[PDB]
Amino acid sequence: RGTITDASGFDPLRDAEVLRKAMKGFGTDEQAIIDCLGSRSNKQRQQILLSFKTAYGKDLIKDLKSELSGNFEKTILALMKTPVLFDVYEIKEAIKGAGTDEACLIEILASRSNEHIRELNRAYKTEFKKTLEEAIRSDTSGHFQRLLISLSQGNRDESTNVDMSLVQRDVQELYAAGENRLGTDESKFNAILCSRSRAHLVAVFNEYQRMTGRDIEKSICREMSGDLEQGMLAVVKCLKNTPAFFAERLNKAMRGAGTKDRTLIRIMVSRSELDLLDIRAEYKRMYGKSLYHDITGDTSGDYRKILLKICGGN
């Protein structure tokens, strides 16, 4: 379901030779870097990284970092991190400094699996002073902080069996926690949307629509505002259709005269080996133009080339 897969006939020491020749000497051969790194799975880029340092006793990442610049550099460095460590540094930068990149925290914590999130916690603690949870608490507050802490446990019910008796009970509780009352009990939404299984919550959304005649997402928009609202919707959307969710975030990152380059880079890189094919399909059905098309119009240069290389893949 991804666009980038293992390149066949693989030799990392040779790809390291390709990259050395592309950087050695005056000037830079940006096309050879893209043809190589962009056409290798992430695990293969790690072998290349180890072969590069073995052969020449230089740090590949350090050399690319000084050889390249701009958003083309950022895409390459993002490609060179492992899926877990790329997630780890994206969360760090989102919390870094003043302000918060809540959308990034939401995008990651709402889409990744239990197993992956458990690995984020270990990696975040290993790499940084704080734990993932302590990092969250510092930068978020209210019921939104609880939402991220809940998702950051990687403990969603992994069952696929649905009990309609409990589905209907969950629907009634959601109706009572928001739409059918003055005010909102955000905690009831949190516990149901974060702890219940995906097969269970999909049935809840369909049953909730049947009984109330309204989609759960509209109740959320009616009951909640701010980051808590965007968080809940992201969770529901990912439970429904994770590809369609990312396709929408991509579309919002490009529409306008400007571009959300951090988001654009993160999504293309982070989903390239998971479901970027499905994203592309969802993108075409929802907006008419292809994801490939909108990228060419919003980016340029080597930055666009590597992005499109990821879109097409292999």
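Residue numbers run from 1 along the displayed sequence.
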In the PDB record, does 103-111 or 159-167 carry the higher mean Cα temperature factor? 159-167
Is the mean CA B factor in the deposited entry higher across 147-155 or across 93-101? 93-101
Which one of 196, 81, 237, 222 shows the biggest C-alpha B-factor in the PDB entry? 222
Which listed residue, 73, 173, 186, 87, has the largest C-alpha temperature factor in the record? 73
Which third, lowest, middle or highest, does the CA B-factor of residue 67 fall in along this chain? highest
In terms of its chain's C-alpha B-factors, the third that includes residue 53 is the lowest
Position of residue 294 among the chain's modelled residues by C-alpha B-factor, lowest, middle or highest third: lowest
What third of the chain does residue 229 rank in for C-alpha temperature factor, lowest, middle or highest? lowest
Third of chain Cα B-factors occupied by residue 138: highest
